[PDB]
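Asker: Residue numbers (the authors' numbering), protein chains in the order written: chain C, 4 to 85; chain U, 484 to 590; chain L, 2 to 46, 53 to 76; chain V, 808 to 908; chain Y, 323 to 428; chain X, 2 to 50, 64 to 111.
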Amino acid sequence: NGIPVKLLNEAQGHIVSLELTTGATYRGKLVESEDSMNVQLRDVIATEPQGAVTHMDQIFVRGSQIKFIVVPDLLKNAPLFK
Amino acid sequence: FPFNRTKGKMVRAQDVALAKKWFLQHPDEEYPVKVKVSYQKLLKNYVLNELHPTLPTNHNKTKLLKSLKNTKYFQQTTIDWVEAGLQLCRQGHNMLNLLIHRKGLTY
Amino acid sequence: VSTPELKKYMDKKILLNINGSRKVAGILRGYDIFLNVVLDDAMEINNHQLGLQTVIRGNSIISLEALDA
Amino acid sequence: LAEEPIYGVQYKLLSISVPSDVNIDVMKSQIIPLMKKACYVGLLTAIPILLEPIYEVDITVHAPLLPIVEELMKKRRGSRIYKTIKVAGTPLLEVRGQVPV
Amino acid sequence: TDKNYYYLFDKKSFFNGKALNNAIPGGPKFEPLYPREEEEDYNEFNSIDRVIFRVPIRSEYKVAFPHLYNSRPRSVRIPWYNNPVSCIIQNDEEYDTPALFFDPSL
Amino acid sequence: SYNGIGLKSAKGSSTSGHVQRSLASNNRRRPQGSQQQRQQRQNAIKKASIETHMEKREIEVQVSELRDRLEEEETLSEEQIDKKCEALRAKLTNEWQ
RNA sequence: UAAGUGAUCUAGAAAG
RNA sequence: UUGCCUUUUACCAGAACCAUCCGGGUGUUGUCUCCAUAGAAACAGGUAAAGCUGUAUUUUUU
Ligand SMILES: [Mg+2]
């Protein structure tokens with residue numbers, strides 16, 4: 004099974020960042036993920052390529068359109084790796 | 484314990500207890516009074532031993548025989564046990580006579 | 002394999018952000034494993056309505072932001 | 808009876824002897840003892856009885872020792888084997904019981 | 323093979339008995355640890371005016387719950403309090419058989 | 002010692018310290034029937050030897079019923095129910111002297 | 001209608 | 001502190017400290033015995049055998 008997916012799952016709870024193919028970055032508490040990176044977040048900001056920020060409550064995001072997901076540095080320490 | 488396992492350290496024949504188990508158990512019924520008494524006594528003996536633990540020497544490796552071996556005056560053979568026993572009897576006898584004679588009492 | 006857990010978003014109004022910087026609105030009725038949304042129709046982002060009930064395809068979805076908390 | 812707690816009892820007032828003169832210190836304090844006394848009287852009237860508790864028991868004997876258990880129960884004063892539930896796939900006879908504490 | 327067999331024939335139990343000068347009738351007996359200082363002096367505690375005698379409080383029970391049933395226990399070790407051993411061994415040279423017990427309902 | 006009864010210690014004693022439980026003990030225990038032979042005799046010898067409140071309770075019950083009825087069927091206002099209740103009470107009083 | 005189960009110390013040799 | 005006892009040793013049996021002993025491991029050396037003897041191989045990849053992974057139509061690569 005996908006180790007990045009696993010990592011993402013683990014990160015559940017944390018304040019993750021999230022950019023799409025469109026280039027619109029989000030940053031907030033990760034709620035839920037799946038095998039395909041079907042992310043959900045809570046209490047999340049949303050900045051476009053221009054730079055104008057927009058706050059929002061509950062966002063769901065589809066893994067296909069997701070570019071990359073930034074997790075906090077805490078999960079580097081442990082423990083799903085080895 | 485004894486058979487549960489299939490590997491072990493060797494105990495001395497001395498250090499095995501085949502009677503112990505019976506007396507530890509509740510006695511088999513319809514036995515005479517004397518037997519019961521004996522059992523009780525055995526239990527008591529066991530219990531006292533258990534209670535007061537005589538923890539052994541930390542220091543002393545040097546057993547008696549080892550020291551003797553370390554000298555030149557002892558040498559060692561392999562002997563039939565009966566022969567050894569006989570020797571002991573004779574040697575022992577000699578010792579007791581010799582000491583007695585030294586004491587002066589030859590009578 | 003796993004179903005999208007959108008039971009919290011059932012019967013709620015959702016801003017579906019879709020391909021080409023477009024948007025859809027409406028109350029959520031149903032869904033499946035491919036993320037094909039079934040929702041009661043609303044306006045496309053001044054603003055104008057089309058359709059009664061709508062069924063959106065999974066691939067087209069960029070996001071779906073919950074209007075109702 | 809025992810200066811020990813009351814259980815499974817109703818207390819409906821029938822009449823209250825309250826005087827014309829009213830003072831908050833006496834009226835309440837007096838009631839405090841008096842109520843208890845009244846309750847006691849009521850209890851006395853109503854054919855009082857001590858209630859001991861009963862432990863609900865579970866024993867889990869083997870099959871063939873049930874008679875022994877029964878005998879034991881008989882020997883104790885209050886005792887009741889309500890049901891001897893058969894613990895499947897095992898020798899045990901999970902016997903529900905009642906024994907006064 | 324049943325460990326529960328040794329109830330009130332444990333070393334611990336024996337020790338307790340010794341402490342409490344209380345023979346489990348089958349087992350051994352010793353000189354008491356403490357001399358029985360019979361100096362109650364007819365006090366209001368443990369009187370026969372006060373207590374009830376539904377149970378006879380056998381000395382079997384003393385070494386089982388030493389700290390409870392016995393009053394002023396001294397140098398008393400704690401005993402065990404066990405599970406039951408359903409262990410069936412076949413003596414007729416047969417293999418995996420529900421012999422001594424009974425089948426499930428369904 | 003077994004049930005508080007055995008001789009404290011085997012030493013000193015100058016005896017086995019053996020303890021047969023007595024069969025007089027049983028006899029001593031058992032004479033509940035013997036007590037009846039005496040107890041029974043004793044028993045034989047000494048063998049031969064409010065309404066207003068109720069009414070009030072009934073009235074109270076009636077009142078309660080009335081209140082319930084009022085609650086059920088058109089009596090959001092207090093005056094009506096109270097009035098009716100009062101009337102009922104009066105009637106009850108009349109009935110009981 | 002119900003009695004009667006069990007608790008069992010010891011234990012010799014010298015010199016005086 | 002008890003008990004047999006009346007003197008002690010030799011003893012009774014419990015307690016508290018203590019020791020002695022009969023033994024036990026573990027580790028490190030050193031020896032004693034019985035069997036034995038090579039000072040250099042991986043890289044380009046094959047030949048053969050052992051360890052694990054695999055079996056284009058919406059979220060990865062058609
Ligand atoms: Mg002299």
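Where a beta carbon is used, it is the ideal one built from N, C-alpha and C, also for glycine.
#1: Less than 8 Å between the C-beta atoms of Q68(C) and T24(C), yes or no?
#2: Could one say the Cβ of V530(U) lies closer than 8 Å to chain Y's Cβ atoms, at least one of them?
#3: Along the chain, where does the beta strand (DSSP E) that runs through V385(Y) open and close?
#4: In three-state DSSP terms, what is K70(C)?
#5: So, does the CB of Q574(U) fall closer than 8 Å to a CB anywhere in chain Y?
#6: Would you identify the three-state DSSP class for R42(X), choosing helix, strand or coil?
#7: Taking the straight line between their C-alpha atoms, what separation do you get for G849(V) and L857(V)?
#8: Which chain Y residues are close to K555(U), counting only those with a beta carbon under 7 Å from its beta carbon?
#9: Alpha carbon to alpha carbon, how far is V75(X) from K843(V)?
#10: Using a Cβ-Cβ cut-off of 8 Å (strictly less than) and excluding sequence neighbours within five positions of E877(V), which residues of its own chain qualify?
#11: Around the Cβ of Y403(Y), are there at least 16 other Cβ atoms within 10 angstroms (buried) or fewer (exposed)?
#12: For chain C, is any of its Cβ atoms less than 8 Å away from the one on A26(L)?
#13: By the 9 Å beta-carbon criterion, what residues does the stretch 329 to 356 of chain Y contribute toward chain X?
#14: Around the Cβ of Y10(L), are there at least 16 other Cβ atoms within 10 angstroms (buried) or fewer (exposed)?
#15: Just to confirm my understanding: we take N344(Y), look at its own chain, exclude 5 residues before and 5 after, and list those with CB closer than 6 Å. What are they?
#16: Taking Cβ-Cβ distances shorter than 8 Å, what residues in chain L pair up with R65(C)?
#17: Closer than 8 Å is the cut-off here; do at least three beta carbon pairs connect the stretch 368 to 380 of chain Y with the stretch 416 to 423 of chain Y?
#18: In chain Y, what lies closer than 9 Å to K882(V) by C-beta?
#19: If you measure beta-carbon to beta-carbon, which residues of the stretch 491 to 512 of chain U are closer than 8 Å to chain Y?
#20: Measuring CB to CB, does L40(L) end up less than 8 Å from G27(L)?
#21: Which term fits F367(Y), buried or exposed, when burial requires 16 or more other beta carbons within 10 angstroms of its beta carbon?
#22: Can we say the stretch 348 to 361 of chain Y touches the stretch 5 to 13 of chain X, given the rule of at least three CB pairs closer than 8 Å?
#23: So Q60(L) is in the beta strand (DSSP E); what residue range does that whole segment cover?
#24: Got a sec: is the Cβ-Cβ distance from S381(Y) to anything in chain X below 8 Å?
#25: Using a 10 Å radius around the Cβ and a threshold of 16 neighbouring Cβ atoms, would you call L24(X) buried or exposed?
#26: How would you label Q837(V), buried or exposed, when you count the other beta carbons within 10 angstroms and need 16 or more for buried?
#27: Rounded to the nearest angstrom, what separates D363(Y) and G5(X) at their Cα positions?
#28: Assuming contact is defined by CB atoms lying nearer than 8 Å, are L36(L) and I68(L) in contact in what I supplied?
#29: Of all the alpha helix (DSSP H) runs that stay within the bounds of the stretch 351 to 406 of chain Y, which reach a length of 4 or more residues?
#30: Taking the alpha-carbon positions, what's the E810(V) to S827(V) distance?
#31: Answer with buried or exposed for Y32(L), where buried requires no fewer than 16 other C-beta atoms within 10 angstroms of its C-beta.
#32: What residues of chain Y sit near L526(U), judged by a beta carbon separation below 8 Å?
#33: State yes or no: is the C-beta of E416(Y) nearer than 7 Å to some heavy atom of ligand 3?
#34: For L534(U), which residues in chain Y fall below 9 Å Cβ to Cβ?
#35: For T897(V), which three-state DSSP category applies?
Answerer: Let's see:
#1: Using a Cβ distance threshold of 8 Å, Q68(C) and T24(C) count as a contacting pair.
#2: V530(U) counts as touching chain Y.
#3: Counting along the chain, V385(Y) sits inside no beta strand (DSSP E), nor does DSSP assign it H or E at all.
#4: Residue state, collapsed to three classes: strand.
#5: Taking 8 Å as the CB threshold, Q574(U) stays off the interface with chain Y.
#6: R42(X): helix per DSSP, three-state reduction.
#7: Going from the Cα of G849(V) to the Cα of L857(V) covers about 15 Å.
#8: In chain order: nothing, as chain Y lies at least about 49 Å away.
#9: Between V75(X) and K843(V), the C-alpha separation is close to 27 Å.
#10: Here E877(V) has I888 as same chain residues with Cβ atoms under 8 Å from its own Cβ, once five neighbours each way along the sequence are excluded.
#11: By the neighbour-count rule (16 or more Cβ atoms within 10 Å), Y403(Y) is not buried but exposed.
#12: With respect to chain C, the C-beta atom of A26(L) has no partner C-beta closer than 8 Å.
#13: Going along the stretch 329 to 356 of chain Y in chain order, one finds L342, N343, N344, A345, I346, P347, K351, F352, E353 and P354 with a Cβ nearer than 9 Å to chain X.
#14: Buried: at least 16 other Cβ atoms inside 10 Å.
#15: So the list reads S381 and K384, once near-sequence residues are dropped.
#16: Near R65(C) (Cβ distances below 8 Å), the residues of chain L are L36, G65, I68, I69 and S70.
#17: They do not touch, by the three-pair rule.
#18: Simply none; closest approach about 11 Å.
#19: Taking 8 Å as the Cβ-Cβ cut-off against chain Y, the residues of the stretch 491 to 512 of chain U that qualify are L507, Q508, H509 and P510.
#20: Between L40(L) and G27(L), the C-beta spacing is below 8 Å.
#21: Counting Cβ neighbours within 10 Å, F367(Y) comes out exposed, since fewer than 16 surround it.
#22: Remark: three or more beta-carbon pairs, one from each stretch, lie closer than 8 Å, so the stretch 348 to 361 of chain Y and the stretch 5 to 13 of chain X are flagged as touching.
#23: Per DSSP, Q60(L) belongs to the beta strand (DSSP E) from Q60 to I63.
#24: Taking a beta-carbon distance threshold of 8 Å, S381(Y) counts as an interface residue toward chain X.
#25: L24(X) comes out exposed.
#26: With fewer than 16 Cβ atoms within 10 Å of its Cβ, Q837(V) is classed as exposed.
#27: If you take the alpha carbons of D363(Y) and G5(X), they lie about 18 Å apart.
#28: Against a cut-off of 8 Å, the Cβ pair of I68(L) and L36(L) comes out as a contact.
#29: Every alpha helix (DSSP H) of 4 residues or more that sits fully in the stretch 351 to 406 of chain Y is shown, in chain order, as 381 to 384 and 388 to 391.
#30: So the alpha carbons of these two residues sit roughly 33 Å apart.
#31: Of the residues assessed, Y32(L) falls on the buried side of the cut-off, its CB having 16 or more other CB atoms within 10 angstroms.
#32: Correct list: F336, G349 and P350.
#33: Ligand 3 is absent from the structure shown, which contains only ligand 1.
#34: Near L534(U) (Cβ distances below 9 Å), the residues of chain Y are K333, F336, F337 and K340.
#35: The three-state reading of DSSP puts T897(V) in coil, since its state is none of H, G, I, E or B.
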